[PDB]
Structure formats: structure tokens, C-alpha cells
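A short worksheet on the structure shown next.
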Amino acid sequence: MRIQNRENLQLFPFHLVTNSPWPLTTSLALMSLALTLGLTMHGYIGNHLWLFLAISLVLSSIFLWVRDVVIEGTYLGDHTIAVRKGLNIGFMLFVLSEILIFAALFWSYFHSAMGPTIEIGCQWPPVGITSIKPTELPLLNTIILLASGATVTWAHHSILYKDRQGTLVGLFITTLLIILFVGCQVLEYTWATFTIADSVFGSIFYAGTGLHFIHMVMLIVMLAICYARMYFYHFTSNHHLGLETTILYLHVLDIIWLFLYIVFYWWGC
Amino acid sequence: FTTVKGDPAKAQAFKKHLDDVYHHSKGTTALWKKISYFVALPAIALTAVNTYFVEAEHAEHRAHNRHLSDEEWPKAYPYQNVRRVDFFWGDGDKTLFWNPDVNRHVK
Amino acid sequence: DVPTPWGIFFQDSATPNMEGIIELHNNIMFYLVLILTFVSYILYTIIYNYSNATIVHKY
Amino acid sequence: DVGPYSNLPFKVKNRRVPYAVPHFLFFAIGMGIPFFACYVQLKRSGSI
Amino acid sequence: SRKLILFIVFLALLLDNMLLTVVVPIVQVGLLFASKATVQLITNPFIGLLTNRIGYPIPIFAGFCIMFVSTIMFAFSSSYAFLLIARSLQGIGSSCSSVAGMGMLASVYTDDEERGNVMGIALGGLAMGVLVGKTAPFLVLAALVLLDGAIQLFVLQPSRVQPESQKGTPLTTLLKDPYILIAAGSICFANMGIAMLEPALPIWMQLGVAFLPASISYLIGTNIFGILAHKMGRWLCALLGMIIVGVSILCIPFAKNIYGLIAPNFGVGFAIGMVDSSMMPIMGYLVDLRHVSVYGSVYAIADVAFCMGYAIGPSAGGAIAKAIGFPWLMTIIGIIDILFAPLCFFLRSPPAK
Amino acid sequence: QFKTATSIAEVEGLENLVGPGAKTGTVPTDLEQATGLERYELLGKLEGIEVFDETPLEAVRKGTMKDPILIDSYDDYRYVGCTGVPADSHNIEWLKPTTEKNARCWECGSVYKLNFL
Amino acid sequence: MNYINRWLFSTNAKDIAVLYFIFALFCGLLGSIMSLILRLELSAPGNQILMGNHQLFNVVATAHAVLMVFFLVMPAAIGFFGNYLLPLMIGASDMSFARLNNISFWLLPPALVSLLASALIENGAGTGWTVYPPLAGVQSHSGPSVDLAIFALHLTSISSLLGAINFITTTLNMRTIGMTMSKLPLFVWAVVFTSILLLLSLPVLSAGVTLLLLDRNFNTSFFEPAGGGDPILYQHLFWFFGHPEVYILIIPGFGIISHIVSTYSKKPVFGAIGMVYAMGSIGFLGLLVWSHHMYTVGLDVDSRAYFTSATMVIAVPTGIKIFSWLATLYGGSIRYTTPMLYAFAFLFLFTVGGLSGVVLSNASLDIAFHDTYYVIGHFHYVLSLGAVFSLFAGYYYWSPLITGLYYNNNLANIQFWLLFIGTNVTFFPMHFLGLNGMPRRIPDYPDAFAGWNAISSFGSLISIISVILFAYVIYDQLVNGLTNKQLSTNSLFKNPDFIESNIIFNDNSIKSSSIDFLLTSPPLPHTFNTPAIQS
Amino acid sequence: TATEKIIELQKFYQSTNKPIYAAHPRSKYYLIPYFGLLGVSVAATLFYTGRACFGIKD
Amino acid sequence: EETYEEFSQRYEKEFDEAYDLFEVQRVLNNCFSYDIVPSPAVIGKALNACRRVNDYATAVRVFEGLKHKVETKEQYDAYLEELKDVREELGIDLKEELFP
Ligand code: HEA
Ligand code: HEA
Ligand SMILES: [Cu+2]
Ligand SMILES: [Zn+2]
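If you're matching them up, the sequences are chains c, k, b, h, A, d, a, g and f in order. Using the deposited numbering, the final residue of the first sequence is 269, and nothing's skipped along the way. Using the deposited numbering, the final residue of the second sequence is 120, and nothing's skipped along the way. Using the deposited numbering, the final residue of the third sequence is 72, and nothing's skipped along the way. Using the deposited numbering, the final residue of the fourth sequence is 74, and nothing's skipped along the way. Residues 18 to 43, 129 to 234, 247 to 319, 329 to 476 in the deposited numbering are what the fifth sequence lists, from first letter to last. Using the deposited numbering, the final residue of the sixth sequence is 160, and nothing's skipped along the way. Using the deposited numbering, the final residue of the seventh sequence is 535, and nothing's skipped along the way. Using the deposited numbering, the final residue of the eighth sequence is 60, and nothing's skipped along the way. Using the deposited numbering, the final residue of the ninth sequence is 141, and nothing's skipped along the way.
Here it is in C-alpha cells:
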């Protein structure tokens, strides 16, 4: 603190955010989304182009937050060692919360799998519902996920050895190795024999493997913004926190898929 | 006041931890390329070639399950097509993903 | 049986299970009355003795 | 301008309409809304 | 009814690992740390013969009382000889409780599919003691549960000595069988590595966060793979478990930081859970296929194979760490654990008798 | 926006901390791309100078009014928490020394003076 | 434009707490008028104010539950006292994620609109607070009412999760120079231990509510027993949220009481480490018990015995806190100011309302008390007399420091005595009505239950008068509040000692154990330029 | 000039005298449609929640 | 853990080194905050300490605190028949002789 011209710079390593308008606009978009989804499902509106505006405005509101998160870190230069630790602790406490939604859905499976009622004749997958064979396309998705978990390790170990062509190629291969998962799993939802309304079995199978679908669109977006921000020279060899959060998010989804494949697809009796 | 001098023992500690990231990431970078080009690509290739034949032989047992009459479709149990609230998109007897070639609702 | 107008306590029993319920409740109320009386006496001592006092035992 | 009437969202002194009207109307609305709701749902269901 | 036995066995295993592992917050140190495991190893085969004579419920509560009086003698003991005696009685109580409880879960739950699920729930108490403030709430919760157990077992219905209707096979006849020994060796060689890793980890390298991921993964692994092991075959689960234990053990020498141990430790604990809940029901299956159904001595053999690792672990591990070092020790135990895994395929269909 | 620093002796504000540029086809280094309060820590830690101190209060000697403990601040006030001369005897008592008055800690008695830098 | 960038587009943590207070006052007024509507109908036998409508009685009860579990106690105890005091106690400038604080405020006014619009478009939402599956389907409530009411429990959940992550992330790495995490004050520990339960409880509620929505409108049949489901599953997926929730409402109260007991009785708290360990034990043992709300659904005989054992254990850590508060108040000097009156009225009534919880914990005794007014009398002695009293004590403690304007002492004392008398008249004959056998959620009752219902309708009219007097106390605080500091010596934070002279006391006035009461009193916008020092 | 405009835009976002979200000469294209369509999305859910309280359906 | 004969030496040493009125009142305030009453030797040092700093009201208020610390009345009059040559030399008057 006894450096000579110390008064001209901030005396504590924490970020004082400037005034931003986006919290109000996110809430005003969620107001419209909640009321429009509550109303269109019981009449009262009819036209289905207000719900789509509500979802589009929500997603643009998150994108407009993340712009001001990027400019405050690569241009203004206010991300010290403490603020990075705070961001890492923060992201870990959202990954932990997004795991515990799947715990309730797994417990909604074992409360019916072990002990089925009398209305269904006591049997899993019940009579008249042909399940999905796990020696078909649900193998291809698993091997594509295990390969995508291996390709990003070649991308995080090429930004530390200062090789640029070798970070762009790996991220490109991973981005095409998550689009194929969505394309395969939308083909496994059009060639099925049972819907969301055909049992308690068809209702919990499309509600634990449908949240995963929404969670893996987010990796395609987060990897596009990690390829595009590396192409335009924003990443240094020691200060990159966009890659570290996308790597921790991918591996949790791989481990979750390896528990959605032994409990949902293989174990039926 | 007198300026604080810099300890030259905490200076080499920072400059060693930045040159030992360049080192220890020379063999791992070439290893994880070979784990991604020799035991990751033939796996996807073999399983894609297998599943193409497997699920293209099943693509000709579903093209004939469309001109079947309503009296030859498999019998419908209870709990089978729960329509107790009509869906708000289009007709009320169709979900998001709905092909007529595999699925039907017999009245 | 029928409810009574200004009731304070349970209705009358016709089953051994309800008599066991009444006996267990009357067993628990003993210890709860003892604990409430102990706490109330300690607050009474605190109000009567140590209100606006010159000496503070702060150690 | 830091002082004892600086952190509040509403102005209290040196004001055209005196503060009693905005203080009273807040509580009047707060204790008048759930009677309006009961009035509407009573009149929609026949009873007076 | 039948679930209160599961509660009693869960609390018995919890108190087993709590009084074993948690001694420091609540060479001489090598002999004193291993005083419990060797005396448990010696007195385990006697209780298997005793439960055939006097019955199941009495040794459990005798072991609870012996454990309580030995802990309260250990509370105010200063001399070395009395401390050694106190920990010896602590071990001999904890040897009665676990063996008789596991035998009585084997006796009551006769159906094969339910036995794996219930023992998968019951083995989860071996990590809550490792994870475990004031601890006086939890002791009185345990005292209330055992009061319920004593009320149902000894008060409402009278209990005599009542020896069993059938006479079991002796211990040597069980030891002549290859299947029971080769099933026990899987648990022994799986637990040997995690037994030896604990003393050498302060040598190589706060303390609780290194051991926490294994305790997190163990409960999830045992409670999931107790149920799903019936359809998949238990031999395949044992083979995959030994493979993952070996790979995660070799993953440790490449790690060069404290935070890099979190990911392999999960790959330890879940894997050893899938070793346990797969292989401990199937021993009780084998006696129902080849021998006469008395489950005491077989789970005595299983507890012997469990406690051999904790008996032999630190005393040999310190000598090997002084001799060669940590990474070659981890390498040799990992190659041993991988090499054992091919021969667990032999338990697919044993010959009936 | 102006001349770039090389050591923290030539840093008179946020106007001296932009730096040179990276080259086309190279993963950039932190000495080639950093602007704000991040580069100031970087130029401190490659010499040995800790810009953001984390050293607690002096708990060696007491405080007399003739010889008081000097607490350094860039303001006219600084909050000082006393907890004892053997460093945990006194409980936690907070004090505000000022350039016109010294705090004196009603239980143990140490006097604190403010040094304005 | 400066109005917008400072009270609508905000970053400062202390300027959102005042908005939380203004919102909480409104949402605690609305529910209290809704409770007065209920208690004026349950007065004498017959159909008095609502003419024949048994709808618009259940709607009023549901909306009185939601507006004061979710919209009054949590915004006051998290927004007004957590956002304001925790950075000043730990010594930080602002929170770690300020924009998340702004969104955690602004998600609540869209949650009020949907709940108020869940009672005008239709018959309404008379499902109770616990929105049970087979009643809240499409055969009894067929309209946009239940759907818009379970969308008001999503936005509040998002706000609470985003606030809890901010509270945990701030206290880990934004402390001053000389504070480890063993010298923290007790209020910070209370906020941390409620923020961990907010992480570990809310996903289960969100999952259960979303599956109820999918059962209502996308014909999925999770909880319908004609397709292979059970309603009882929802009860599990509700009550795993339900019992953490009721400690979330009470743990931030406890720490507040500790500060008052540490202040106006001039002694430190007896055994602080025991107190933080007791709060940790209470927080941990609120997750391993949830099924004592469901003893009559048809469980096993070996499962009731576990949940009677695991419920009575929670009495052991709470007794440590109560007896430590008595040991703190024992030796020292006590002056009876208006925070310590509410402090003294909290140590007795929480005990009375909590000793009834041991009677209800037994599965044998719950057969006589389930869905009966004994439960209502149990939880009103702890909610209305344990949490609201802590809120009033915290307001009367910290409002001169935040605002800079003092209040009349006499009117505050009259308000306290009116609250005490009216609330003790209201909720005590509910025990007698419960023991005689009056069920819950009934508008009309047999003629035997008349007389006590005449007495419990009298205390509510006493309590509303106390609320109006509280409004006048706030008005007398804001206008001419600079001249209300020489009327009484209550304005002094601590009294002169026996040997301490007045001339010495005027030079050295404030003696404290936290950073709070040494600030200038309007707190500055940027309150720490140079860091604070702790030895 | 080159792809390293990083050493050029860091002298612009510092010393700007405008807020960060409206500093570049491109933020018009993002901020005009967003605030334009938000005032229609909010004004449509305050017309259909007041029309619906009076019982009118579509 | 502290005994009578260590209390009555440590507070004598603390009273024989105060330099201002703040310090005399500080040591006097935490001397009457234990379970041990002060010895007649400690109070005899406190009046000389109040004499060095030249204050009169503190030398009166010491004798008023003894009436509250001491359990009975006989012990209070046993304190006042031994602290008498200290009072009549310095000149300190009690509160009940001034009637203020
Ligand atoms: C407000 C928060 C709150 C609090 C603090 C508590 C406290 C407790 N509650 Fe909970 N409870 C609720 C929230 C809360 N509860 C609510 C809202 C309901 C109504 C349900 C609804 O309809 O949704 C409810 C109802 C309820 C029931 C009845 C459920 C039913 O209707 O059948 C039960 C019974 O098991 C229970 C359990 C307990 C217990 C044992 C405590 C204990 O923690 C009480 C502890 C207090 C003490 C014990 C004082 C300590 C004093 C001592 C000196 C210790 C002395 C030691 C002995 C007594 C041995 N609660
Ligand atoms: C949040 C806790 C809470 C509070 C505060 C209250 C307040 C009151 N409640 Fe209770 N009540 C519940 C908990 C609570 N209640 C719940 C959960 C239900 C629903 C049960 C069900 O749905 O099954 C219920 C329902 C309920 C009913 C309906 C019972 C039923 O229909 O089966 C009744 C009727 O007698 C009743 C009684 C009262 C009364 C007379 C008050 C009065 O006290 C109201 C007067 C209010 C005040 C005295 C406090 C005013 C507060 C402020 C203005 C202070 C603001 C704070 C700051 C300034 C910091 N309540
Ligand atoms: Cu409860
Ligand atoms: Zn001090």
C-alpha cells in the first residue's frame, strides 16, 4: 500500500459494476412468458405468435447480459484473481442445483419401477408398450459423447502449449459432435411406438430424457461462442474462463447420460 | 514515505509456475491427439456402419404399417391414450412428434 | 360422542386405543409442564434481580 | 448530498402536496384490494 | 417387522466404522492403529459358530453393550496396557455385531432379488462413519432405534435360547470350496488399495476434502447397483468393478496436485461399491445352491476378507513407502487389481448339488 | 491510451497500462493483452510486490498516548478492530481513529493514531 | 434520468433492501386484511358475510398463506436484513453479483400480479396452500387459476436461488483482511445456513410443481391412479421442500435476537461456537425428516417409528440456544427498551409453541390431532409470535442507523402491548377447539364450536389496530424525527457504566462488537475505500 | 487494421463518456428492435389479462 | 483459574501505573466485574491513583460501589472501619454525609 502513486488506482480487488438495465427487462419478458403460457393453454388468445416472441425476448435478454459480461473482462480489464474465484464458485453452485432436479426425476422412476400399481398389471414396461432396444442408436449417442469428452481435452491442452490451429479444430469437431446427438435423438423420437400420454412409463421416459435435450442445446450455443471468441483473439494462455465452464458442464452431462442409459434404457425388469 | 522493495524470492516462484505449464503440456497434447484420432474415430465409424444396416432393415417393416385398416392394428388397453384435456396446437389428438406410420389412435 | 359447547379437553372414549392415546398425552404433559415452569422461573429471577444493575459480570 | 433524507425513494419535505396523502393512500390501497376481489367474485356468482 | 432389522444392521456398520476410523478427533502408532482389526480378524470365526448355538438376536445387543463399555473405558484411560485392553474389547464387540446382523438379514430375507437391494442399503453405513459435530443428537437417535429393536425382539414376544432347526456345514468344509474363497478375495483385493492409500497420503501430501468424494460416491454406487445387479449378472459387475478400481488407482501417480485427486477418488469409491453390493449377496446365494442354509460362518468369512485389508494395510504400507515409494506401490496394486479381474467370470453358473 | 509501463514505478494511473499487441497466428500472452486492475497485479507479482495486502494488525506492543500505534490510511478514518496484545485476550472491539482524535479501546486500553499517506 | 439509474437500474446492495421493505409492507397488509375477512366469517354459526359461497373462502385462505409465507417473511428476512447488513458486518463494499440482486428483487412484482390474477379469472384457486394432485386437476378446478398460481411459485424460487448463491459466494472470498471463518458474527452464519437449504430444497419443489402442471394440461398421468401413478408421490415431493422451508423462515430470526441480547444486556453471548454448531445441527436434521406431516396416509409400522425418533431429536439443539440466551441475560444489566421487549416476548412464546410440536411428533397421538385446529394453534404461536416479533425487533433495532430518523418510544410500546394481548387472545382457544374435535378448512361448523370462535374473533380486531398504530409510528418517524432523540434516552445505543462519567462518555460514546454501529448513520454509498483491519 | 483491434478497442471503451451497452457504433441494431418488440410483448399481456377477467374469450 | 492472592497483586500493579482519568476509571470498571470483591489493599491503592489524577467524584463513587458488591451491611461497616485513616487524610466524604 506504500507504492508511490497508489491513490490513483482502486484499493481493493473487487469489481464495481456500472448501472445496467437488463434485470428489469428479463423480468418484463418472464411476466409476458408466464401470463401468455397460462392463457393460451385455456383459450383467451388463440394466436400462437405471442409465446414465441416471449421466448425470443428472454433468450435475447440473456445474450445481452453476456455481452456486457464479455466487454467488462476483455476490454475494460476488471477480472482479478479474486473475481475469477468468485465466478468459479458461482458456476459450481449452479451445476450442483441443476443436478438435484434430476434426483427428483430419478426418484419418480424408482417409486413406480419398484412396486407398480394394480391398474397396470404388475409389470414394467407394461403390456402393449414396446420399449427402445439399447443395442441401436442409444449406443451411437454414448460413443459420440465419450468421443466429445476426449476431443475437448485436446483443445484445453493446445491453448496451454500456444498452438492456435489445434484449439479451433478440436472445438469445431466437438461442436459437430453434439449436433449429431440432437439429430439422432430427434430421430429416436419420431420412430418410437409410445408417447408422453401412453402410460406412467411413457410419461417419465420423455421427461428425464427431454430435459437433457434442452441442456444439450446449451452446449451447442456455449461452444459456438467459444469458437467465435477464439477466432477473434480474446483468449490468452492463462486467462480463459469461458472454456473452463464449458468443460465442467460437458462432463457432468456425460456422467448424467451414463445414468440415463443404465436406468432408463437397459433396466426394465 | 519509503517505497516497499520487492522480494526476489517470490519473483522466481511466479516465473517457475508459468514455464512449467508450457512444460508438462508437451507430451499430453500429443497423447490426447492420438486418443482422439485412433481410438475415437473407428468406434464412431463402426457403430455408424452397423446401425445403418440395423435401422435400415427396420425401415421396410414400417412402410407397410400405414395401409393397415383400423381392425388390424394392435389392440388398445386402458391407460393407453389418455385424452382428458385436448391439446391446444392443431387438432387435440396429436402430440409434437407424431408419425402415422408407427402410431395411431383408434376410435 | 357429541361435542360439548365450552370444551377444554378430549371427548369420552369407547375404545382401548383412545384410552392409550389419552394416557400417553397425559404422560407427556408432565415433562412439558416441568420444562415450562423451569424456564418461566428463570425469566422471573432475571427480571426481579438483575434489572438496572450496577455490576456486570462480563467474564 | 448525503444526509438524513437522501436514501429514500420518495420526497418527504419541501413538497407541494403534503406527505399525509401519499402515506395514507398506500395503506388505503393495501387494505382495500382484497375487498374488491371478494366483491368481484361475489357478484360473478349470483349472490348480492 | 423386517425393516427394523435393516435399521439395526445399518447402525451397527455405522458404529463399526465410526469407532474404527474416527479415533483421532474423538512403531507404536502402527501397532495401536491396527489393534482393533487383528483382534476382529481373530474373533470373527467364533461368532459364526455361536449364532448357530444361541441364536441371532442376543450377540447383537451383547456387542452393543460391550462396545459401549469399552468406549467408556477408553474415554478416561491413560496407561498403555489398559488402552490396548480397551481397544481389544471394542474390536471384539464390533466383531459380534456386524457378523450376527448380516447373518440375520440373510436369514429373514429369503428371496434372492430383495436380498441384494437390502444389503446394498445396509452396506451404505460403512461410509457415513467415515464422513462423520456435537454428535449427541445422533447417539440418542441410535439409542431410540435400538430401544425400538429391544422392545420388539425381547418384550412383546418371549425369546428362549432356541437353537436352529438345521445343522450347518463347518468352517473347514466351507474353506475347501473354491467359489466362496474366490468371492472373498475380490472384496479383499479391492479394499487393500484403499486401505494402503490412507497412511501414505500425508507422506506424499485439506484432509477431509480428499476423502469426501469416495464417501459421496460409495452410497450412490451401492444403492444403485444393489438393485440392478440381478439383471446384469453379478460376475460382470465384479469384473467391471475390479477394472475401474485398477484404472483409478493408476490414475493417482500421474496427478501432481491435491485438487487433481477428486476425480479419481470418485472412480475409486463408486467402483468399490459396485464390488461390494454385487458380491456380498452372492455368497449367501452359493450356500443355498451347494450346501445347507446356515448363514453365520459364511458372512464370518466375508468379514474376515473385509478386515484383512485394514489389518495388513498401514504396517506394510509404511514399510513399502519407506522402501520404494508411493507411485510404484500404486502401480503394483493397480496391476494386481486389474489382473485379478479376468477370473471373476467363473461365477456365472456354479454346479448345483 | 499513452506510454506503456514496464515496472510499477512508471504507473501514474489507468492511462499507462494498455500494452503492446500480439502477432497474427499466435496465442497471446498476458504481458501482451491486459488493461485494468488485472495488469497492475501482474506487474506487481513478477517483481515481488503485493499490491493488495492481507497482513493483519500489529499485536505485539500496547498503546500509550505518548507512543501510539500508527495505522496507515488514505482517508481521514479507518476502522480498526482490537482483540488484544497476546492477540486473543480482549474480545472484538471496533474503533474509528480520525485525524482529529485518537481511539482508546475501553477494555484493554491501546491508543491508535492515524497516519495519512 | 438520475432517478432511473439509481432506483431502477441499480447496483448498490443497500438500495435494494429499502425496496424489499416497501414491497414486504404491502404484501403483509394484503394478507392481514384477508385474514380479517376469514376471522369475521368464523364468528358465529351460519353464513354471515360470504352469503353462501364456500368458494371465496378457500381462495382467501390460500392467498393468505402464499402472501405471507413467500411475499412477507422471506423478502423482509432476506432482502431487507440480509442484503443490507451482511456486507457491513463482513466488511465488504457490495455483493459479488449485483445484477443478480437486482433480478432477485424484480422477479417478485411479476409474481404478485399472477397471484392476484389467479383470484379474478374464475371461481378461483381454492386448492389450499399444499396444492394436492387429485383435487387440483381438471375435474374440480378447470381454468387459468391454478396454472397462474403455480407460476408464482417458480419466479420466487428463481429469486431465492439466485439470492442464496450470491450470499454463499460473497461470504467466502469478500471478507476483510483479518477475518477467518471463525470470527464471523452469528447473523452471517444464519444467512449461510439458510442459503444452503435454499439450494438443497427448491429443485424438488420445482420438479413436483412442473409435473403437476404436465398432469393438468398435457395429460401425462404422473399422479393419476387410472394410469399407474400415485398422488402420495407428490406429497413426498412437496414435503421435502416443506420442512427445510419452515426453518428458512426461523433461522434468520434467531441471530437477530442474539444481537439484542448481546447489546441491551451488556454481556457477550454464552458459547458462540456451541450456537453455530446448534444451528448446523438444526439445519442438517431438517432434511432427514419430512413424513411427520403424513402419518395417516397408510405408511408402514416400522416407518412411523423412525420418524418419531428423528423428530424429537431436534429438541436437543434448540434447548442449547434457549438456555444460552438465558445464561447471557443472567448476569448482566438489563434496560427495557423496545427491542428487548420483543426479545423477552420471543423466548417465552417460541417455547410454548414449540412444546406442542413434541406432542404432535408421536404417530400414536397424531391420530387425534391431524387436520385439526391444534396444528393451527401450534404453528401460529411460532410463525406469528416467533418470526414477526423478530422482524419488529430488527426494525426497531436497526432503523435509526439506516434511516437517521428516530421514533416515539411510547407509541411503540403501546403497539407492542396491543400485539401481545390480541395475538394471545386469538390463537389460544384454538387448542381447546382442536382437543374437542374441530376440523380444518371449514367455513361452517356445528353449534358446539361457537363460544371460543366468539373470542378468537376479538383479538384480530385488536391486532389490526396495532398495525394502524405501527403505520402512525412510521409517519411520526419520517416527519419531525430529528426532534425525537431528546424525548427519551432509548436513542442511546449503550448506557453509561457505573464508574464512567458523563463527560468521558460524551467523548467516547459508541462501544460495539461489529462494524455496524460505528458508521455514519446515513450509511455512505461507498462505505469502504480503504480496507478494514482486524487483528 | 489487423485482427488485433484489441489494443485499439481498449483505448475506446476506456474514455468513452457513454455507457458500455451503447458505446460502439453498432448497438443501435441490437437495442432498437429489442426495446421495440418488448413494448409490444408487455402491452399484449396487459390487454389479454384484463379482457379475460371480464370473461371474453377468443 | 486465578486465585485471590494473584488478583490482589495484579490489580495493585495495574492501579500503580495509570496516567490519566480514562485509565483509572478503566481499571476501576473491570475490577468490580468478577466474583471476587476487591481487597482493602487494592481500594487503598485506587484512592491514591485517584489522588494523582486529581479527581474527587471518582473517590466518592468507589465507596458507593462497595455497598452494592458486598452481600450484607455488617461487612460494609467492616470495610469502613479499616479504610478510615485513608479517608480522613485525603479528605474523601461519603455520599450519605454530603446528601447531594
Ligand atoms: C414455523 C416453523 C416451524 C417450527 C419451528 C416447527 C417446529 C417443529 N415442528 Fe413443525 N410445523 C410447521 C413448521 C414449523 N415446525 C408448520 C407450518 C406446521 C403446520 C403444518 C401445515 O399444515 O402445513 C407444523 C406442524 C408440525 C407437526 C404436525 C404435523 C401434522 O399436522 O400432523 C409436527 C409433528 O411432528 C411438527 C414437528 C415439529 C417439531 C418437533 C418442531 C420442534 O422443532 C419444536 C422445538 C421446540 C422445542 C422443543 C423447544 C425447546 C425447549 C427446550 C427447553 C427443549 C426441552 C426438551 C424437551 C422438550 C425434551 N411440526
Ligand atoms: C406466515 C405466517 C402466518 C401469519 C403471519 C398468519 C397470520 C394470521 N393467521 Fe394464520 N395462517 C397461516 C400462517 C400464518 N397466519 C397459514 C400458513 C395459513 C394457511 C393454512 C391453510 O391454508 O391450510 C393460515 C391460515 C389462517 C387461517 C385460516 C384457517 C383455515 O382456513 O383453515 C386463520 C383463521 O383463523 C388464521 C389465523 C391468523 C390470524 C388471525 C392472523 C393475524 O395475525 C393476521 C394479522 C397480521 C399481523 C398481526 C402481522 C402484520 C405484519 C406486518 C404488517 C409486519 C410487517 C413486518 C415488518 C414491518 C418488518 N390463519
Ligand atoms: Cu414438519
Ligand atoms: Zn482492546
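All residues carry an ideal CB built from backbone N, CA and C; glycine is no exception.
Quiz item: So what does residue 146 of chain d bridge to, in DSSP terms?
Solution: d:155
Quiz item: Does any residue of chain b bring its CB to less than 8 angstroms from the CB of residue 416 of chain a?
Solution: no
Quiz item: Just to check, is the beta-carbon of residue 153 of chain d closer than 7 angstroms to a non-hydrogen atom of ligand 4?
Solution: yes
Quiz item: Comparing the CB of residue 292 of chain a with every heavy atom of ligand 3, is any distance shorter than 7 angstroms?
Solution: yes
Quiz item: Can you list the residues of chain f that residue 106 of chain d reaches, using a CB-CB cut of under 7 angstroms?
Solution: Near residue 106 of chain d there are no residues of chain f at all, since even the closest Cβ is about 11 angstroms away, more than 7 angstroms.
Exercise. Output, in sequence order along the chain, the residues in the stretch 96-115 of chain f whose CB is closer than 9 angstroms to any CB in chain a.
Key: 96, 98, 99, 102, 103, 105, 106, 109
Quiz item: What number of angstroms, rounded off, separates the C-alpha of residue 205 of chain a from the C-alpha of residue 107 of chain c?
Solution: 13 angstroms
Self-check item: Residue burial classification, residue 140 of chain f (beta-carbon count within 10 angstroms, cutoff 16)
Solution: exposed
Quiz item: Just how far apart, CA to CA, sit residue 106 of chain f and residue 68 of chain b?
Solution: 8 angstroms
Quiz item: Cα separation between residue 49 of chain g and residue 391 of chain a?
Solution: 39 angstroms
Self-check item: Unbroken stretches of the alpha helix (DSSP H), 4 residues or longer, contained in the stretch 202-234 of chain a
Solution: none
Exercise. Determine the contact status of residue 138 of chain A and residue 189 of chain A, defining contact as a CB-CB distance below 8 angstroms.
Key: yes
Quiz item: Applying a beta-carbon distance threshold of less than 9 angstroms, which residues of chain d neighbour residue 43 of chain k?
Solution: Within chain d, no residue comes near residue 43 of chain k; the closest Cβ sits about 17 angstroms away, beyond 9 angstroms.
Quiz item: Hey, is residue 243 of chain a close to ligand 3, as in C-beta under 7 angstroms from one of its heavy atoms?
Solution: yes
Quiz item: Quick one: is residue 60 of chain h near chain a, going by C-beta distance under 8 angstroms?
Solution: yes
Self-check item: chain b residues whose Cβ lies nearer than 8 angstroms to that of residue 74 of chain f
Solution: 68, 69, 70, 71, 72
Quiz item: Using a Cβ-Cβ distance under 8 angstroms, would residue 157 of chain c count as near chain d?
Solution: no
Self-check item: Contact list for residue 280 of chain a against chain A, beta-carbon separation under 8 angstroms
Solution: 247
Exercise. Count the C-beta pairs between the stretch 339-348 of chain A and the stretch 276-288 of chain A that are closer than 8 angstroms, then say yes if the count reaches three, no if not.
Key: no
Exercise. At 8 angstroms on the CB atoms, spell out the chain a contacts of residue 97 of chain k, in chain order.
Key: 138, 219
Exercise. Examine ligand 1 and report whether any of its heavy atoms sits within less than 7 angstroms of the Cβ of residue 17 of chain b.
Key: no
Exercise. Verify the contact flag: residue 124 of chain d, CB atom, against every heavy atom of ligand 4, threshold strictly below 7 angstroms.
Key: no
Practice problem: For the beta strand (DSSP E) holding residue 67 of chain k, just list the boundary residues, first then last. | Solution: That residue, residue 67 of chain k, is in no beta strand (DSSP E); its alpha helix (DSSP H) goes 54-70.
Quiz item: Does at least one heavy atom of ligand 1 sit under 7 angstroms from the Cβ of residue 64 of chain a?
Solution: no
Practice problem: Pick helix, strand or coil for residue 439 of chain a, following the three-state DSSP scheme. | Solution: strand
Quiz item: Got a sec: is the Cβ-Cβ distance from residue 171 of chain a to anything in chain d below 8 angstroms?
Solution: no
Quiz item: Of all the CB atoms in chain a, is at least one closer than 8 angstroms to the CB of residue 65 of chain b?
Solution: yes
Quiz item: How would you write the range of the beta strand (DSSP E) that residue 386 of chain a sits in, first residue to last?
Solution: Where residue 386 of chain a is concerned, there is no enclosing beta strand (DSSP E), given that its DSSP letter is neither H nor E.
Quiz item: Going along the chain, which residues of its own chain have a beta-carbon closer than 6 angstroms to the beta-carbon of residue 58 of chain a, five neighbours each way excluded?
Solution: 126
Quiz item: Looking at the unbroken beta strand (DSSP E) that takes in residue 138 of chain d, where does it start and where does it end?
Solution: 136-138
Self-check item: Closest residue to residue 474 of chain a among a:399, a:534, a:439, a:282 (Cα-Cα distance)
Solution: a:399
Quiz item: How about residue 398 of chain a: is its Cβ closer than 7 angstroms to a heavy atom in ligand 2?
Solution: no
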